Amino acid sequence: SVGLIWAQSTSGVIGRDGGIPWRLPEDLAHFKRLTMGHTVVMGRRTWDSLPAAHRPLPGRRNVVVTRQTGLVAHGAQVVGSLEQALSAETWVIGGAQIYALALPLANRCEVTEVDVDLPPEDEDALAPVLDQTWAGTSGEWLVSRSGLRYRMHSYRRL
Ligand SMILES: NC(=O)c1ccc[n+]([C@@H]2O[C@H](COP(=O)([O-])OP(=O)(O)OC[C@H]3O[C@@H](n4cnc5c(N)ncnc54)[C@H](OP(=O)(O)O)[C@@H]3O)[C@@H](O)[C@H]2O)c1
Ligand SMILES: CCc1nc(N)nc(N)c1OCCCOc1cccc(C[C@@H](C(=O)O)C(F)F)c1
Ligand SMILES: [Br-]
Ligand SMILES: [Br-]
């Protein structure tokens, strides 16, 4: 059982300049709560993007997907394909390249939509596009303690 989890702007941006272009504490809490105790699978660029005090992600088996040989990723397992990463509950935590690999294998997507305007730029990482084979249920728009508006969506494959 494979799930994808990501946070996107309304425009579909998930990443810019090797990072995430907003801060939303409620999303980090949501991400930690859903992934804790489970394997998390990430692309090598997303491993690099984790703040050092949170890398590897504590309380979870971290798996890093790379085409490199002998990659040093302390505290993580390093695999050469998504299939190697997947051999109870496994969460694919990004980025865009690894989402694209994982989406055909997933039965579940947990999406945070963040109501910031961020027109997609050339090298932005973008969220996967979900068609009508996915059934979504959405929370209401919520206002964070910091004033940002956001909404949680849960998708299951029909
Ligand atoms: N908002 C969110 O929810 C969210 C979540 C995660 C990440 N992000 C953001 O997204 C960005 C990173 O995403 P990204 O798409 O640039 O990178 P990414 O998917 O995290 O990682 C790309 C790397 O994965 C490896 N890879 C890709 N395809 C592979 C394959 N078929 N077999 C083996 N290895 C493969 C390669 O590693 P090597 O180059 O080492 O060979 C490649 O450079 C950052 O800005 C990050 O902050 C946002
Ligand atoms: C957290 C942003 C996010 N959001 C959803 N919804 N999906 C995702 N794929 C995702 O990206 C996962 C890759 C980036 O991850 C982190 C970035 C900064 C800090 C942490 C540590 C975090 C934890 O310990 O989990 C703690 F702050 F709670 C993780
Ligand atoms: Br962040
Ligand atoms: Br934060």
# chains A, B, ... in the order shown; residues from 1 in each chain; ligands from 1
call {"tool": "residues_around", "arguments": {"residues": "residue 147 of chain A", "least_positions_apart": "6", "cutoff": "12 Å", "atoms": "only C-alpha atoms", "output": "PyMOL selection string"}}
result
chain A and resi 23-26+114-116+141
call {"tool": "write_last_selection", "arguments": {"atoms": "C-alpha atoms", "output": "PDB file, in the first residue's frame"}}
result
ATOM      1  CA  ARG A  23       6.039  28.136   5.446  1.00  0.00           C
ATOM      2  CA  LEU A  24       2.941  26.480   6.881  1.00  0.00           C
ATOM      3  CA  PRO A  25       3.345  24.996  10.397  1.00  0.00           C
ATOM      4  CA  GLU A  26      -0.030  23.223  10.225  1.00  0.00           C
ATOM      5  CA  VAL A 114      -1.906  26.486   0.157  1.00  0.00           C
ATOM      6  CA  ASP A 115      -3.632  29.669  -0.983  1.00  0.00           C
ATOM      7  CA  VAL A 116      -0.576  31.634  -2.010  1.00  0.00           C
ATOM      8  CA  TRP A 141     -10.475  26.450   3.981  1.00  0.00           C
TER       9      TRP A 141
END
call {"tool": "closest_atom_pairs", "arguments": {"of": "chain A", "to": "ligand 1", "cutoff": "6 Å", "atoms": "only C-alpha atoms and all ligand atoms", "output": "tab-separated table"}}
result
residue	atom	partner	partner_atom_place_in_ligand_line	distance
A:6	CA	ligand 1	3 (O)	3.4
A:7	CA	ligand 1	3 (O)	3.8
A:8	CA	ligand 1	1 (N)	5.4
A:14	CA	ligand 1	1 (N)	3.8
A:15	CA	ligand 1	45 (O)	3.4
A:16	CA	ligand 1	45 (O)	4.6
A:17	CA	ligand 1	45 (O)	5.8
A:18	CA	ligand 1	45 (O)	3.8
A:19	CA	ligand 1	47 (O)	3.4
A:20	CA	ligand 1	47 (O)	4.5
A:42	CA	ligand 1	20 (O)	5.8
A:43	CA	ligand 1	21 (O)	3.5
A:44	CA	ligand 1	21 (O)	4.5
A:45	CA	ligand 1	21 (O)	4.0
A:46	CA	ligand 1	20 (O)	3.8
A:49	CA	ligand 1	47 (O)	5.2
A:65	CA	ligand 1	34 (N)	4.8
A:66	CA	ligand 1	34 (N)	3.6
A:67	CA	ligand 1	41 (O)	3.6
A:68	CA	ligand 1	41 (O)	4.9
A:80	CA	ligand 1	33 (C)	4.8
A:81	CA	ligand 1	32 (N)	4.4
A:93	CA	ligand 1	6 (C)	5.5
A:94	CA	ligand 1	6 (C)	3.7
A:95	CA	ligand 1	20 (O)	3.4
A:96	CA	ligand 1	15 (O)	3.6
A:97	CA	ligand 1	19 (O)	3.8
A:98	CA	ligand 1	19 (O)	4.3
A:125	CA	ligand 1	10 (O)	5.3
call {"tool": "closest_residue", "arguments": {"among": "A:9, A:54, A:76, A:156", "to": "residue 120 of chain A", "atoms": "only C-alpha atoms"}}
result
A:9
call {"tool": "atom_distance", "arguments": {"atom1": "atom CA of residue 38 of chain A", "atom2": "atom CA of residue 60 of chain A"}}
result
5.3 Å
call {"tool": "residues_near_ligand", "arguments": {"ligand": "ligand 4", "cutoff": "12 Å", "atoms": "only C-alpha atoms and all ligand atoms", "output": "ChimeraX atom specification"}}
result
/A:20-31,51,144-146,148
call {"tool": "select_by_dssp", "arguments": {"residues": "segment 41-119 of chain A", "states": "strand (DSSP E)", "output": "PyMOL selection string"}}
result
chain A and resi 41-43+62-65+76-79+90-92+108-114
call {"tool": "select_by_dssp", "arguments": {"residues": "segment 22-155 of chain A", "states": "helix (DSSP H, G or I)", "output": "number ranges by chain"}}
result
A: 25-35, 44-49, 52-54, 82-86, 96-105
call {"tool": "residues_around", "arguments": {"residues": "residue 135 of chain A", "least_positions_apart": "4", "cutoff": "9 Å", "atoms": "only C-alpha atoms", "output": "MDAnalysis selection string"}}
result
chainID A and resid 131 154:158
call {"tool": "closest_residue", "arguments": {"among": "A:58, A:40, A:133, A:74", "to": "ligand 2", "atoms": "only C-alpha atoms and all ligand atoms"}}
result
A:58
call {"tool": "residues_around", "arguments": {"residues": "segment 149-153 of chain A", "least_positions_apart": "6", "cutoff": "7 Å", "atoms": "only C-alpha atoms", "output": "number ranges by chain"}}
result
A: 110-115, 136-143
call {"tool": "residues_around", "arguments": {"residues": "residue 85 of chain A", "least_positions_apart": "4", "cutoff": "7 Å", "atoms": "only C-alpha atoms", "output": "list in words"}}
result
residues 41, 63, 79 and 81 of chain A
call {"tool": "write_last_selection", "arguments": {"atoms": "C-alpha atoms", "output": "PDB file, in the first residue's frame"}}
result
ATOM      1  CA  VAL A  41      10.476   7.360   0.176  1.00  0.00           C
ATOM      2  CA  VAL A  63      14.648   5.714   1.759  1.00  0.00           C
ATOM      3  CA  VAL A  79      18.107   2.553  -3.537  1.00  0.00           C
ATOM      4  CA  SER A  81      14.674   2.653  -8.282  1.00  0.00           C
TER       5      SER A  81
END
call {"tool": "atom_distance", "arguments": {"atom1": "atom CA of residue 78 of chain A", "atom2": "atom 1 (Br, counted along the ligand's line) of ligand 3"}}
result
22.7 Å
call {"tool": "closest_residue", "arguments": {"among": "A:64, A:72, A:13, A:52", "to": "residue 118 of chain A", "atoms": "only C-alpha atoms"}}
result
A:13
call {"tool": "residues_around", "arguments": {"residues": "residue 4 of chain A", "least_positions_apart": "4", "cutoff": "8 Å", "atoms": "only C-alpha atoms", "output": "list in words"}}
result
residues 91, 92, 93, 94, 99, 102, 103, 106, 108, 109 and 110 of chain A
call {"tool": "write_last_selection", "arguments": {"atoms": "N, CA, C and O atoms", "output": "PDB file, in the first residue's frame"}}
result
ATOM      1  N   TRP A  91       4.910   5.843   2.476  1.00  0.00           N
ATOM      2  CA  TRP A  91       4.599   7.196   2.019  1.00  0.00           C
ATOM      3  C   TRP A  91       5.689   7.714   1.091  1.00  0.00           C
ATOM      4  O   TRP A  91       6.873   7.735   1.452  1.00  0.00           O
ATOM      5  N   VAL A  92       5.282   8.144  -0.096  1.00  0.00           N
ATOM      6  CA  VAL A  92       6.183   8.798  -1.030  1.00  0.00           C
ATOM      7  C   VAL A  92       6.066  10.300  -0.780  1.00  0.00           C
ATOM      8  O   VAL A  92       4.972  10.880  -0.895  1.00  0.00           O
ATOM      9  N   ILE A  93       7.182  10.929  -0.408  1.00  0.00           N
ATOM     10  CA  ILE A  93       7.137  12.295   0.116  1.00  0.00           C
ATOM     11  C   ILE A  93       7.760  13.298  -0.845  1.00  0.00           C
ATOM     12  O   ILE A  93       8.006  14.447  -0.455  1.00  0.00           O
ATOM     13  N   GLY A  94       7.999  12.909  -2.101  1.00  0.00           N
ATOM     14  CA  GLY A  94       8.486  13.821  -3.131  1.00  0.00           C
ATOM     15  C   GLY A  94       9.907  13.478  -3.561  1.00  0.00           C
ATOM     16  O   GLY A  94      10.529  12.549  -3.047  1.00  0.00           O
ATOM     17  N   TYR A  99       7.285  11.596  -7.414  1.00  0.00           N
ATOM     18  CA  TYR A  99       5.821  11.484  -7.497  1.00  0.00           C
ATOM     19  C   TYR A  99       5.400  10.888  -8.829  1.00  0.00           C
ATOM     20  O   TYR A  99       4.500  10.035  -8.888  1.00  0.00           O
ATOM     21  N   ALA A 102       5.794   7.283  -8.771  1.00  0.00           N
ATOM     22  CA  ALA A 102       4.987   6.578  -7.787  1.00  0.00           C
ATOM     23  C   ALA A 102       3.495   6.621  -8.078  1.00  0.00           C
ATOM     24  O   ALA A 102       2.774   5.714  -7.651  1.00  0.00           O
ATOM     25  N   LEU A 103       3.002   7.663  -8.753  1.00  0.00           N
ATOM     26  CA  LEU A 103       1.556   7.820  -8.904  1.00  0.00           C
ATOM     27  C   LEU A 103       0.869   6.582  -9.469  1.00  0.00           C
ATOM     28  O   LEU A 103      -0.157   6.177  -8.904  1.00  0.00           O
ATOM     29  N   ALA A 106       0.146   4.092  -6.626  1.00  0.00           N
ATOM     30  CA  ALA A 106      -0.456   4.591  -5.402  1.00  0.00           C
ATOM     31  C   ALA A 106      -1.965   4.426  -5.410  1.00  0.00           C
ATOM     32  O   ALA A 106      -2.618   4.494  -6.455  1.00  0.00           O
ATOM     33  N   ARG A 108      -3.604   6.291  -2.872  1.00  0.00           N
ATOM     34  CA  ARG A 108      -3.955   7.335  -1.922  1.00  0.00           C
ATOM     35  C   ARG A 108      -3.038   8.528  -2.134  1.00  0.00           C
ATOM     36  O   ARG A 108      -1.822   8.358  -2.249  1.00  0.00           O
ATOM     37  N   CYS A 109      -3.614   9.731  -2.140  1.00  0.00           N
ATOM     38  CA  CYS A 109      -2.865  10.987  -2.166  1.00  0.00           C
ATOM     39  C   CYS A 109      -3.427  11.903  -1.083  1.00  0.00           C
ATOM     40  O   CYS A 109      -4.642  12.093  -0.996  1.00  0.00           O
ATOM     41  N   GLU A 110      -2.557  12.449  -0.250  1.00  0.00           N
ATOM     42  CA  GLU A 110      -2.955  13.403   0.776  1.00  0.00           C
ATOM     43  C   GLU A 110      -2.346  14.738   0.397  1.00  0.00           C
ATOM     44  O   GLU A 110      -1.122  14.875   0.369  1.00  0.00           O
TER      45      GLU A 110
END
call {"tool": "atom_distance", "arguments": {"atom1": "atom 21 (C, counted along the ligand's line) of ligand 2", "atom2": "atom CA of residue 121 of chain A"}}
result
25.6 Å
call {"tool": "decode", "arguments": {"residues": "segment 115-155 of chain A", "atoms": "N, CA and C atoms", "output": "mmCIF file, in the first residue's frame"}}
result
data_model
loop_
_atom_site.group_PDB
_atom_site.id
_atom_site.type_symbol
_atom_site.label_atom_id
_atom_site.label_comp_id
_atom_site.auth_asym_id
_atom_site.auth_seq_id
_atom_site.Cartn_x
_atom_site.Cartn_y
_atom_site.Cartn_z
ATOM 1 N N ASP A 115 -3.070 28.591 -0.172
ATOM 2 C CA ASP A 115 -3.632 29.669 -0.983
ATOM 3 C C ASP A 115 -2.656 30.842 -0.991
ATOM 4 N N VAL A 116 -1.532 30.600 -1.646
ATOM 5 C CA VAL A 116 -0.576 31.634 -2.010
ATOM 6 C C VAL A 116 -0.532 31.673 -3.525
ATOM 7 N N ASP A 117 -0.295 32.855 -4.069
ATOM 8 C CA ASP A 117 -0.159 32.965 -5.509
ATOM 9 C C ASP A 117 1.317 32.875 -5.874
ATOM 10 N N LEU A 118 1.622 31.883 -6.706
ATOM 11 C CA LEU A 118 2.985 31.553 -7.109
ATOM 12 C C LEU A 118 2.876 31.056 -8.525
ATOM 13 N N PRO A 119 2.881 31.963 -9.494
ATOM 14 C CA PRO A 119 2.858 31.557 -10.893
ATOM 15 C C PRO A 119 4.036 30.652 -11.201
ATOM 16 N N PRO A 120 3.786 29.491 -11.813
ATOM 17 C CA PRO A 120 4.879 28.555 -12.115
ATOM 18 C C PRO A 120 5.967 29.192 -12.968
ATOM 19 N N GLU A 121 7.203 29.021 -12.519
ATOM 20 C CA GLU A 121 8.384 29.491 -13.217
ATOM 21 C C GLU A 121 9.112 28.303 -13.823
ATOM 22 N N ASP A 122 10.052 28.619 -14.719
ATOM 23 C CA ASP A 122 10.682 27.635 -15.593
ATOM 24 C C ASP A 122 11.039 26.335 -14.872
ATOM 25 N N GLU A 123 11.884 26.406 -13.847
ATOM 26 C CA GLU A 123 12.408 25.197 -13.229
ATOM 27 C C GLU A 123 11.651 24.784 -11.956
ATOM 28 N N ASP A 124 10.439 25.301 -11.736
ATOM 29 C CA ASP A 124 9.645 24.890 -10.580
ATOM 30 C C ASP A 124 9.367 23.391 -10.610
ATOM 31 N N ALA A 125 9.319 22.787 -9.428
ATOM 32 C CA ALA A 125 8.784 21.443 -9.279
ATOM 33 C C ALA A 125 7.280 21.555 -9.099
ATOM 34 N N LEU A 126 6.528 20.729 -9.828
ATOM 35 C CA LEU A 126 5.081 20.830 -9.884
ATOM 36 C C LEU A 126 4.443 19.576 -9.302
ATOM 37 N N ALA A 127 3.241 19.755 -8.762
ATOM 38 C CA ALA A 127 2.474 18.646 -8.218
ATOM 39 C C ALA A 127 1.928 17.766 -9.343
ATOM 40 N N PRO A 128 1.809 16.463 -9.103
ATOM 41 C CA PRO A 128 1.168 15.594 -10.092
ATOM 42 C C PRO A 128 -0.280 16.008 -10.291
ATOM 43 N N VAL A 129 -0.791 15.719 -11.463
ATOM 44 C CA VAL A 129 -2.152 16.077 -11.822
ATOM 45 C C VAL A 129 -3.031 14.849 -11.618
ATOM 46 N N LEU A 130 -4.115 15.012 -10.869
ATOM 47 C CA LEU A 130 -5.019 13.906 -10.564
ATOM 48 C C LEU A 130 -6.281 14.016 -11.400
ATOM 49 N N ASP A 131 -6.623 12.946 -12.116
ATOM 50 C CA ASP A 131 -7.813 12.960 -12.954
ATOM 51 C C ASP A 131 -9.002 12.396 -12.165
ATOM 52 N N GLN A 132 -10.092 12.075 -12.865
ATOM 53 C CA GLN A 132 -11.326 11.620 -12.237
ATOM 54 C C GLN A 132 -11.303 10.135 -11.864
ATOM 55 N N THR A 133 -10.180 9.437 -12.053
ATOM 56 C CA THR A 133 -10.050 8.129 -11.429
ATOM 57 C C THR A 133 -9.764 8.247 -9.936
ATOM 58 N N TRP A 134 -9.541 9.470 -9.438
ATOM 59 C CA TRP A 134 -9.350 9.752 -8.020
ATOM 60 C C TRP A 134 -10.618 10.369 -7.450
ATOM 61 N N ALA A 135 -11.016 9.893 -6.270
ATOM 62 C CA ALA A 135 -12.148 10.427 -5.518
ATOM 63 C C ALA A 135 -11.608 11.252 -4.362
ATOM 64 N N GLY A 136 -11.916 12.546 -4.343
ATOM 65 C CA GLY A 136 -11.404 13.447 -3.328
ATOM 66 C C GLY A 136 -12.460 13.820 -2.308
ATOM 67 N N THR A 137 -12.021 14.019 -1.069
ATOM 68 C CA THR A 137 -12.823 14.701 -0.064
ATOM 69 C C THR A 137 -11.971 15.827 0.498
ATOM 70 N N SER A 138 -12.581 16.973 0.730
ATOM 71 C CA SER A 138 -11.815 18.146 1.110
ATOM 72 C C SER A 138 -12.300 18.670 2.451
ATOM 73 N N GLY A 139 -11.365 19.210 3.230
ATOM 74 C CA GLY A 139 -11.721 20.001 4.383
ATOM 75 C C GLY A 139 -12.149 21.395 3.942
ATOM 76 N N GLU A 140 -12.591 22.188 4.912
ATOM 77 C CA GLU A 140 -12.858 23.596 4.632
ATOM 78 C C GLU A 140 -11.542 24.357 4.533
ATOM 79 N N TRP A 141 -11.599 25.532 3.895
ATOM 80 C CA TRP A 141 -10.475 26.450 3.981
ATOM 81 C C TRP A 141 -10.267 26.864 5.431
ATOM 82 N N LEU A 142 -9.038 26.745 5.889
ATOM 83 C CA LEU A 142 -8.661 27.061 7.252
ATOM 84 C C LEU A 142 -7.657 28.199 7.210
ATOM 85 N N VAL A 143 -7.600 28.963 8.292
ATOM 86 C CA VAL A 143 -6.636 30.046 8.430
ATOM 87 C C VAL A 143 -5.623 29.617 9.475
ATOM 88 N N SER A 144 -4.351 29.606 9.092
ATOM 89 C CA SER A 144 -3.313 29.164 10.000
ATOM 90 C C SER A 144 -3.110 30.193 11.108
ATOM 91 N N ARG A 145 -2.402 29.782 12.164
ATOM 92 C CA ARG A 145 -2.030 30.752 13.185
ATOM 93 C C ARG A 145 -1.255 31.911 12.576
ATOM 94 N N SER A 146 -0.479 31.645 11.524
ATOM 95 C CA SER A 146 0.320 32.694 10.906
ATOM 96 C C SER A 146 -0.453 33.501 9.862
ATOM 97 N N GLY A 147 -1.725 33.188 9.619
ATOM 98 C CA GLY A 147 -2.534 33.970 8.705
ATOM 99 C C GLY A 147 -2.655 33.429 7.292
ATOM 100 N N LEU A 148 -1.940 32.353 6.949
ATOM 101 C CA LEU A 148 -2.052 31.745 5.624
ATOM 102 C C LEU A 148 -3.276 30.853 5.544
ATOM 103 N N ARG A 149 -3.942 30.872 4.388
ATOM 104 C CA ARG A 149 -5.138 30.079 4.170
ATOM 105 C C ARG A 149 -4.740 28.776 3.472
ATOM 106 N N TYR A 150 -5.328 27.661 3.905
ATOM 107 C CA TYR A 150 -4.934 26.355 3.389
ATOM 108 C C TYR A 150 -6.113 25.413 3.557
ATOM 109 N N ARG A 151 -6.039 24.274 2.867
ATOM 110 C CA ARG A 151 -7.127 23.308 2.842
ATOM 111 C C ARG A 151 -6.534 21.919 2.628
ATOM 112 N N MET A 152 -7.050 20.913 3.322
ATOM 113 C CA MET A 152 -6.559 19.557 3.131
ATOM 114 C C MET A 152 -7.509 18.768 2.235
ATOM 115 N N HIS A 153 -6.927 17.988 1.320
ATOM 116 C CA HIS A 153 -7.659 17.106 0.420
ATOM 117 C C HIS A 153 -7.143 15.680 0.568
ATOM 118 N N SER A 154 -8.051 14.700 0.574
ATOM 119 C CA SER A 154 -7.692 13.287 0.608
ATOM 120 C C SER A 154 -8.301 12.606 -0.612
ATOM 121 N N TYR A 155 -7.450 11.964 -1.424
ATOM 122 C CA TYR A 155 -7.827 11.289 -2.661
ATOM 123 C C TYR A 155 -7.594 9.792 -2.540
#
